[PDB]
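If you're matching them up, the sequences are chains B, A, B', A', B'' and A'' in order. A prime marks a further copy of an entry chain. Going left to right, the first sequence walks through residues 1 to 271 as the authors' numbering numbers them. Going left to right, the second sequence walks through residues 1 to 271 as the authors' numbering numbers them. Going left to right, the third sequence walks through residues 1 to 271 as the authors' numbering numbers them. Going left to right, the fourth sequence walks through residues 1 to 271 as the authors' numbering numbers them. Going left to right, the fifth sequence walks through residues 1 to 271 as the authors' numbering numbers them. Going left to right, the sixth sequence walks through residues 1 to 271 as the authors' numbering numbers them.
Protein chains: 6
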Amino acid sequence: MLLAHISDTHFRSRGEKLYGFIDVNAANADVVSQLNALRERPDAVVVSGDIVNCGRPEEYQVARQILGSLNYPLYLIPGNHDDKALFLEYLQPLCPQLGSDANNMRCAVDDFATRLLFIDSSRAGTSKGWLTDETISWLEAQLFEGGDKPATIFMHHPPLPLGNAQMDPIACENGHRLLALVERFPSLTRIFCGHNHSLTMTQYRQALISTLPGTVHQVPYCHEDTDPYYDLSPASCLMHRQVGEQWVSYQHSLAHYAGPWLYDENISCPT
Amino acid sequence: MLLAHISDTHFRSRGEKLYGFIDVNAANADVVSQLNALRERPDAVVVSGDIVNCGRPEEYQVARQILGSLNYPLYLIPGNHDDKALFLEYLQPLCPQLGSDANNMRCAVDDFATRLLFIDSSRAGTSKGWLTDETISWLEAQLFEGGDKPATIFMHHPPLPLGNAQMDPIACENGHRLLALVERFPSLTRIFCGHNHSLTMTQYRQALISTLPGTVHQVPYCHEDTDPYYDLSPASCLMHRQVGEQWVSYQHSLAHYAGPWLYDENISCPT
Amino acid sequence: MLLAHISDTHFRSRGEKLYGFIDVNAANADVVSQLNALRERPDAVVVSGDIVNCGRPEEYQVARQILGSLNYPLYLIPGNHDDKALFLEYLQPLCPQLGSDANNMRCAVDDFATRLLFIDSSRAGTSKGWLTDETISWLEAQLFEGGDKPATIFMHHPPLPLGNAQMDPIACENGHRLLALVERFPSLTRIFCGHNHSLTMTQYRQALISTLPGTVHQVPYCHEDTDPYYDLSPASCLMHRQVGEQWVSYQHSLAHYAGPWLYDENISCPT
Amino acid sequence: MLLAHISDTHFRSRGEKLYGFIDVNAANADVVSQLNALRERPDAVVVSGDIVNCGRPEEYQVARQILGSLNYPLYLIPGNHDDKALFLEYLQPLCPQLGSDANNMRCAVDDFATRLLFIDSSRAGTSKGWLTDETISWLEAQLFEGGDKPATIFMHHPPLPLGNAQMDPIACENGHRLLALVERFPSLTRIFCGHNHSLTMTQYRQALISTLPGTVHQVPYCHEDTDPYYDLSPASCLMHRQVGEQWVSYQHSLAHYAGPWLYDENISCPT
Amino acid sequence: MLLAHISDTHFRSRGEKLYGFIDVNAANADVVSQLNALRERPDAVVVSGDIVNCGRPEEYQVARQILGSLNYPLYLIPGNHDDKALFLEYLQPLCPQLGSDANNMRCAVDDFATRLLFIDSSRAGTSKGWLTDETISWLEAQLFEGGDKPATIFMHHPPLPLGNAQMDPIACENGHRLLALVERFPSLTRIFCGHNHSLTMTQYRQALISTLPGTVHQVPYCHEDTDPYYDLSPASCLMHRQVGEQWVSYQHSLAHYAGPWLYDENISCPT
Amino acid sequence: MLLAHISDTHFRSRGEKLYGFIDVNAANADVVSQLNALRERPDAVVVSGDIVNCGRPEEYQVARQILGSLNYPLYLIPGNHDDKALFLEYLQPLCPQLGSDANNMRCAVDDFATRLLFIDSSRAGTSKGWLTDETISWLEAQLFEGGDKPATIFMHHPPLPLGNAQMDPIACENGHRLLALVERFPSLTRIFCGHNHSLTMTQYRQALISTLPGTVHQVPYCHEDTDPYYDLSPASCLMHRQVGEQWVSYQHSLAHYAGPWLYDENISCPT
Ligand SMILES: [Zn+2]
Ligand SMILES: [Zn+2]
Ligand SMILES: [Zn+2]
Ligand SMILES: [Zn+2]
Ligand SMILES: [Zn+2]
Ligand SMILES: [Zn+2]
Ligand SMILES: [Zn+2]
Ligand SMILES: [Zn+2]
Ligand SMILES: [Zn+2]
Ligand SMILES: [Zn+2]
Ligand SMILES: [Zn+2]
Ligand SMILES: [Zn+2]
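Structure below.
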């Protein structure tokens with residue numbers, strides 16, 4: 001199992017830029033070509049994101065074309081910036097097991113040593129995350145029927161406050177409902193999130209919980225500053241690889257930079 | 001508790017640059033000035049690194065002056081690029097609780113909600129890691145006499161393989177001995193490492209185990225390719241904050257970039 | 001009184017770039033978000049500029065949206081690149097006291113310790129500036145009724161030759177008419193200009209007269225080279241602050257760059 | 001008269017960088033080579049700066065070699081970062097008319113339409129400025145015996161507060177004494193300063209008073225915040241040219257940037 | 001004779017980017033303004049290229065406008081990415097002696113000491129080059145009627161394999177037909193090519209044969225790696241100048257960079 | 001045969017930078033590490049350069065260490081910036097076949113399909129080139145006794161004028177004497193040069209004659225202007241590969257840039 005995990009693409013419509021000056025569409029197209037030019041090729045790509053920025057049809061058309069151009073199976077989930085109906089109309093073809101019901105988009109993947117669970121944490125008319133009871137019970141079923149085989153969950157919103165002044169108020173509001181499932185199921189060992197536009201990580205019993213940086217713009221972590229900052233600090237994504245009995249996630253830079261060069265002992269310490 | 005955690009500074013001597021072209025001294029001086037310019041100030045700074053590149057006294061002279069100019073208490077531990085004797089001679093004044101015996105540099109910090117444990121995994125005459133009999137025992141003593149209070153360990157070498165073709169053969173060789181301690185002690189919940197020059201992370205039981213990017217050069221993760229690559233992709237460090245009952249870690253970029261701007265609802269989605 | 005003073009935006013139509021390669025629209029949107037993310041917030045924003053590049057309706061639509069997104073009262077004036085009618089049709093809403101007559105767009109602001117005077121120096125069918133007699137007499141009235149209270153004037157074209165080979169021929173052709181008002185009114189102490197895409201400054205009796213750099217592209221100052229150069233050297237704007245009895249203007253960079261860091265005496269001079 | 005006016009070079013010794021990471025020596029060497037490569041060549045170069053950072057002899061050795069390699073007559077004055085004695089020992093050969101007495105370095109230049117006055121506002125053992133009794137008197141002597149010929153003064157410290165939270169408490173403390181001279185002498189019309197590392201400008205009577213950006217690092221203007229910031233925003237200098245009866249000053253960027261291209265009417269507005 | 005020789009523009013339609021992220025249209029517009037802002041002005045511009053990327057009408061419209069804005073006579077030839085019919089419909093006006101027949105676009109220029117020959121190496125429905133028999137015989141005629149006067153030929157595809165793993169398979173498939181003409185005609189001394197997006201050069205008897213870098217993206221030379229790489233390494237073009245009896249071609253960078261500065265013997269070797 | 005051919009390294013001594021601001025030592029160290037990191041490894045590295053800038057022993061010390069760290073056999077020849085005696089003392093251990101006599105450094109390489117000829121065109125006390133009587137004779141001896149086997153010559157100075165206002169008066173003064181050898185010997189087919197810091201190329205008979213860019217700074221080609229310019233436009237080198245019967249040379253960028261990505265038919269032309 002090799003997974004390329006990106007999120008918060010925030011696509012705009014043809015010939016628009018985010019905020020009028022950040023070319024999300026180009027940046028993402030770069031990321032796509034970057035991903036499908038990797039030497040060690042992932043088995044699938046996950047997008048946990050706010051796939052589009054405003055939830056408009058023209059935005060999903062760009063998203064469909066650019067994400068369509070990836071040369072991998074995709075697993076896609078909505079965010080607060082998404083519109084459930086339109087997400088399903090445009091993207092369901094790229095991720096068929098999302099289903100047929102916009103209000104219950106979720107699915108399980110049983111192809112690898114660790115089962116993958118994809119869920120919708122987004123709620124209409126708010127930025128905050130909400131886990132619906134049908135989501136929770138589907139989860140309970142999945143985790144029970146799965147037994148010992150470990151599980152990871154992908155969702156847009158972080159299930160608990162992370163001390164981020166800007167991001168916490170708009171976290172998953174009833175995140176306790178998932179936290180409780182980690183108490184029930186020792187098998188559930190990873191939860192991965194978007195929304196924070198940051199690599200922030202934590203542990204709750206067996207579960208490693210982490211948010212991801214965005215593919216384009218990032219938001220910094222402030223503890224007592226309320227200001228809605230965002231910046232163009234380096235974009236990054238997460239690779240997930242099954243390494244024997246371990247799930248290992250490593251950051252893979254999406255920035256363009258110098259190198260690589262080879263390490264050489266003489267060049268390292270001249271005499 | 002706010003911790004600024006950098007690693008793998010790899011200082012060279014006054015004249016010199018890493019490999020002849022990477023100006024580590026400048027980059028670290030920048031990192032230092034960056035750190036002590038933060039609005040939200042950490043309580044201390046951790047450096048888990050190969051503090052110097054060649055284990056030379058003139059490198060420690062530079063490291064002492066530059067790390068010395070941080071306006072924070074420091075916790076410093078060595079790596080395989082360090083020299084036990086010289087590390088102690090030059091850096092012990094900047095971290096007195098390391099002790100007096102260069103072969104058993106260690107200390108516990110008890111000031112915050114989570115106990116901090118600093119150890120030396122470096123072994124003279126090899127790049128690979130080793131936990132000395134006395135270290136393992138001191139580690140187990142800390143957890144045994146510590147009770148419910150959670151513990152995090154800082155060590156240079158990762159205590160398990162991570163699937164990194166380059167970095168795995170030179171991990172901590174008796175790492176399973178520390179993994180044994182996490183199985184036995186439910187209160188050991190973070191292990192943080194240098195060595196890998198990358199953010200790779202995994203959970204074993206309750207423990208979140210993660211390596212850090214370097215302050216300067218990075219090494220990419222390859223599964224198949226053993227070519228000893230390094231590159232100049234973006235440097236970051238890890239901030240550790242206590243958030244009620246959670247230890248949360250977030251990546252703080254040390255690159256220079258555009259931003260920040262403020263998020264504006266109307267600019268985000270114009271009509 | 002804090003004023004953010006930018007000019008020569010040179011907006012193009014939706015999905016055009018200036019000269020086909022300079023993205024003025026993105027650059028300006030950046031500037032806007034930059035301005036309305038300032039920590040010390042100005043009382044208003046002045047645009048002395050060639051607001052659009054070709055004087056086309058589609059250009060004013062972009063200008064209206066982007067300048068509209070600023071979170072400040074705006075004071076806007078035309079330039080040679082503008083079209084008076086269309087300027088008034090699209091932008092008058094953002095700056096109501098321009099008036100109702102495209103041929104006599106001007107206004108006074110009596111909110112601060114120094115009265116502000118906004119005038120139209122642009123003339124149809126030419127690049128050169130022209131001050132119409134009705135402009136001059138309105139000015140005389142304003143300056144007389146104002147008495148001792150100091151005044152500053154904002155206009156597109158510099159009232160006198162500045163020794164700039166390219167820019168002088170297309171300066172304000174009858175700039176003597178304003179120069180004469182500075183001789184009459186000791187109260188008139190600042191004149192600020194666009195057009196030159198440069199920070200070039202001078203003094204005439206009590207009056208400090210200066211042109212501003214552009215928000216995007218700049219034109220260098222040459223004394224005997226006729227060539228119509230322009231470059232992408234760093235963009236900048238002017239802040240005007242009333243400091244007791246002084247009007248102080250300082251340059252505020254619009255470039256993205258490294259820092260800031262804090263000055264430290266030990267880091268400054270090590271021992 | 002063409003003057004190239006740079007300031008605040010802040011040289012460090014041969015090995016070293018400002019604060020450990022800003023390569024002032026390189027940046028100034030670049031600035032120097034840049035200056036003596038200009039197509040339109042200045043008649044002389046003014047340096048109003050803190051020529052060196054720590055007031056050390058080995059810094060003056062560097063400053064001497066680098067400023068020495070300018071192919072222009074130089075006028076150099078000290079700042080609070082300079083050492084009177086050493087400034088004279090090392091730099092007086094590059095500016096002979098400074099004199100022989102390190103406590104009264106001063107000179108008038110009478111070659112152009114405007115008299116040039118160079119003075120030393122620096123005071124041993126403080127960052128703030130001071131005009132010595134003999135300076136003030138020599139200043140008044142120059143203007144008194146000078147008649148109608150206009151005068152400009154070059155000094156390190158600004159002679160009045162400018163609203164800069166950082167830079168104001170360390171302005172020229174008896175600056176009002178020079179302001180007294182501008183009230184009495186209508187021919188004193190420019191005062192130019194270093195210290196602030198910024199282009200801020202104001203008029204007092206006939207005098208245009210302006211500070212300059214540094215050749216390397218800059219300090220931003222804050223009204224409220226006293227945090228001693230500096231940054232690496234774009235460096236520029238000021239060119240001073242006599243244009244008939246006007247002294248005009250224009251900002252010359254020292255950054256490296258794209259351009260120039262030529263303006264083409266058809267490319268500007270395609271059909 | 002001064003010739004500015006660019007190729008492989010790869011224009012996209014209005015508001016598209018190559019691969020969704022490389023702004024070929026802006027990059028080329030930059031190149032155009034760059035070319036027609038040269039101090040030493042060429043006599044004509046040659047484009048050997050894949051002028052457009054997909055062969056679509058909307059693409060030729062952008063190409064027509066941007067190349068139209070050059071202030072020089074153009075000599076234009078098709079590539080594999082072009083569509084012969086549409087190329088002739090849109091671009092023939094900018095290069096009238098291409099002719100009237102899309103299937104036989106070629107021409108000779110007898111204005112300079114060396115005669116220039118422009119030919120179509122592109123073949124419909126393939127990437128590979130093909131020289132048609134009518135092309136070859138037109139060439140034979142031209143070379144015979146020309147006698148001693150030297151000749152250079154411009155074509156899209158390189159007439160022989162260059163050892164480039166990616167590019168060789170899609171070279172000019174019957175390139176032997178031209179190689180044979182160089183054996184027959186000692187007068188034929190330069191052959192210049194696009195297609196390879198690289199400066200790769202070779203000699204066959206009297207003939208110097210070279211490919212050109214692209215104006216935007218480049219493809220690296222690999223000898224046994226099949227992967228279809230491309231990169232954004234620096235773009236460049238070729239200048240051809242008749243220097244007495246010699247045809248000299250020099251690379252002229254299209255990248256933006258620092259300098260120039262003037263060489264100075266003292267600055268070079270200080271004492 | 002794969003050759004990596006760099007030129008004009010211009011090393012300075014340990015402390016120092018070229019002209020005070022260009023860090024040639026770092027740039028060359030980078031180039032070196034870059035070279036010995038190539039996937040397709042050259043059989044040897046040619047350096048035709050002014051290996052050092054001032055002809056100083058401490059510069060050769062640096063050059064020795066840095067060129068010494070290449071993991072390839074080296075062929076080194078001097079330029080006008082070199083010192084014959086010191087070049088031999090310091091670099092002959094890295095290229096033993098240069099000989100023992102500093103006034104007649106030369107050698108033939110016979111290992112590949114094409115004979116390689118390395119010579120010294122540098123002349124003590126001038127920047128211009130000279131072929132010593134014994135050189136010309138040794139050259140003619142090699143070609144005479146060599147038969148059909150093709151030959152390439154590496155020399156610092158270009159053997160004919162190229163129309164470069166700056167570089168022509170300082171070409172190889174008796175260059176016509178080598179041109180005489182190409183007329184007489186049809187097997188002399190490549191001549192490669194440094195000196196010009198540019199890729200300019202021409203053919204004389206069967207010989208392709210080309211100069212190389214420098215590893216660091218470049219000098220632009222002007223026909224009319226003699227101002228001694230240099231700039232920091234992109235550095236590259238030349239790879240020489242034997243491809244059956246063809247010697248092919250391709251430019252390898254040494255800059256750091258975005259890419260590579262893979263070409264995808266569908267991404268190239270979306271529907
Ligand atoms: Zn979100
Ligand atoms: Zn988001
Ligand atoms: Zn290590
Ligand atoms: Zn390390
Ligand atoms: Zn204008
Ligand atoms: Zn303008
Ligand atoms: Zn100062
Ligand atoms: Zn200063
Ligand atoms: Zn092609
Ligand atoms: Zn092409
Ligand atoms: Zn040379
Ligand atoms: Zn050279």
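Don't be surprised by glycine CBs; every beta carbon is placed ideally from N, CA and C.
{"Check": "Mind pulling the chain A' residues with CB within less than 7 Å of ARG14/A?", "Outcome": "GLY15"}
{"Check": "For the beta strand (DSSP E) containing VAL109/B, list its first residue and its last residue.", "Outcome": "107-109"}
{"Check": "Measure how close the beta-carbons of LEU178/A' and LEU131/A' come, nearest whole angstrom, since I'm counting them as under 8 Å.", "Outcome": "6 Å"}
{"Check": "Shorter than 7 Å, the distance from the beta carbon of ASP227/B' to the closest heavy atom of ligand 4, or not?", "Outcome": "no"}
{"Check": "Starting from the N-terminal end, write out each residue whose C-beta falls within a distance shorter than 5 Å of any non-hydrogen atom of ligand 7.", "Outcome": "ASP50/A', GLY79/A', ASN80/A', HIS195/A'"}
{"Check": "For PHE21/B, which residues in chain B' fall below 9 Å Cβ to Cβ?", "Outcome": "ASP23, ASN25, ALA26, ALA27, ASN28, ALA29, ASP30, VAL31, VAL32, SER33"}
{"Check": "For the alpha helix (DSSP H) that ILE191/B'' lies in, which residues bound it at each end?", "Outcome": "Not the alpha helix (DSSP H): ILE191/B'' falls in the beta strand (DSSP E), residues 188-193."}
{"Check": "Which of the residues in the region 247-258 of chain B'', read from start to end, lie with their CB under 7 Å from any CB of chain A''?", "Outcome": "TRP247, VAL248, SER249, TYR250, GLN251, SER253, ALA255, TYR257, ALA258"}
{"Check": "Mind pulling the beta strand (DSSP E) runs of 3 or more residues that sit fully within the region 183-238 of chain B''?", "Outcome": "188-193, 200-204, 207-211"}
{"Check": "At what residues does the beta strand (DSSP E) containing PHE154/B' begin and finish?", "Outcome": "151-155"}
{"Check": "Are the beta-carbon atoms belonging to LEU238/A' and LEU212/A' less than 8 Å from one another?", "Outcome": "yes"}
{"Check": "Excluding the 5 residues flanking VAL109/A' on each side, which residues of the same chain have their C-beta closer than 6 Å to its C-beta?", "Outcome": "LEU116"}
{"Check": "Taking the alpha-carbon positions, what's the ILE209/B'' to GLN65/B distance?", "Outcome": "41 Å"}
{"Check": "Counting only Cβ pairs nearer than 9 Å, list the residues of chain B' close to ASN53/A'.", "Outcome": "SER268, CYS269"}
{"Check": "With C-beta atoms as the reference, is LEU74/B less than 8 Å away from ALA44/B?", "Outcome": "yes"}
{"Check": "Taking the straight line between their C-alpha atoms, what separation do you get for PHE144/B and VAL219/B''?", "Outcome": "53 Å"}
{"Check": "Any beta carbon from chain A within less than 8 Å of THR202/B's own beta carbon?", "Outcome": "yes"}
{"Check": "So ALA141/B'' is in the alpha helix (DSSP H); what residue range does that whole segment cover?", "Outcome": "133-146"}
{"Check": "Decide if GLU265/A is buried, meaning its Cβ has at least 16 other Cβ atoms within 10 Å, or exposed.", "Outcome": "exposed"}
{"Check": "Buried or exposed, going by whether 16 or more other CB atoms sit within 10 Å of the CB of residue 275/B?", "Outcome": "Lying before the first or after the last residue shown, residue 275/B is absent from chain B, which here runs from 1 to 271."}
{"Check": "Less than 8 Å between the C-beta atoms of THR215/A'' and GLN166/A'', yes or no?", "Outcome": "no"}
{"Check": "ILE66/B touches chain B'' at which residues, Cβ-Cβ below 7 Å?", "Outcome": "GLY20"}
{"Check": "For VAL47/B', which option in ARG56/B', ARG41/B', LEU35/B' has the closest C-alpha, if you only look at C-alpha atoms?", "Outcome": "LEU35/B'"}
{"Check": "Do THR114/A and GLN203/A have their C-beta atoms closer together than 8 Å?", "Outcome": "no"}
{"Check": "Verify the CB distance criterion: does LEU262/A have a CB-CB separation below 8 Å to chain B'?", "Outcome": "yes"}
{"Check": "Along chain A, which residues have their Cβ under 8 Å away from the Cβ of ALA37/B'?", "Outcome": "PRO260, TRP261, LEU262"}
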